[PDB]
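Enquirer: A single structure is presented below for examination.
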Amino acid sequence: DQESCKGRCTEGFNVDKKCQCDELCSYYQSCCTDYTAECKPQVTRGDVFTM
């Protein structure tokens with residue numbers, strides 16, 4: 001069995017969950033398997049305003 005960020009990206013911190021798919025995971029080493037390319041918080045540029 002396996003999962004990904006789809007439905008989880010920046011959901012917010014709750015350390016009981018199997019993925020810390022959020023802003024605080026680096027402090028707990030409990031993040032998604034590819035956080036920095038799949039779950040990384042918004043970095044808006046001028047042409048995207050949606051979550």
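All residue names refer to the structure tokens as shown: chains lettered A, B, ... in order, residues numbered from 1 in each chain, ligands numbered from 1 in order.
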Which residues are near residue 42 in chain A? Cut-off 10 Å, only C-alpha atoms, ignore same chain within fewer than 4 positions. Put them as a VMD selection string.
Expert: chain A and resid 9 to 10 48 to 51
Enquirer: So that I can see what lies close to range 34-41 of chain A, please list as a list in words the residues with an atom at most 12 Å from it, counting only C-alpha atoms and leaving out residues fewer than 2 positions away in the same chain.
Expert: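 Near range 34-41 of chain A, the qualifying residues are residues 3, 4, 5, 6, 7, 8, 9, 10, 11, 12, 19, 20, 21, 22, 23, 24, 25, 26, 29, 30, 31, 32, 43, 44, 50 and 51 of chain A.
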Enquirer: Can you tell me, as a list in words, which residues in range 5-40 of chain A count as alpha helix (DSSP H) by DSSP?
Expert: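 Taking range 5-40 of chain A and keeping alpha helix (DSSP H) gives residues 35, 36, 37 and 38 of chain A.
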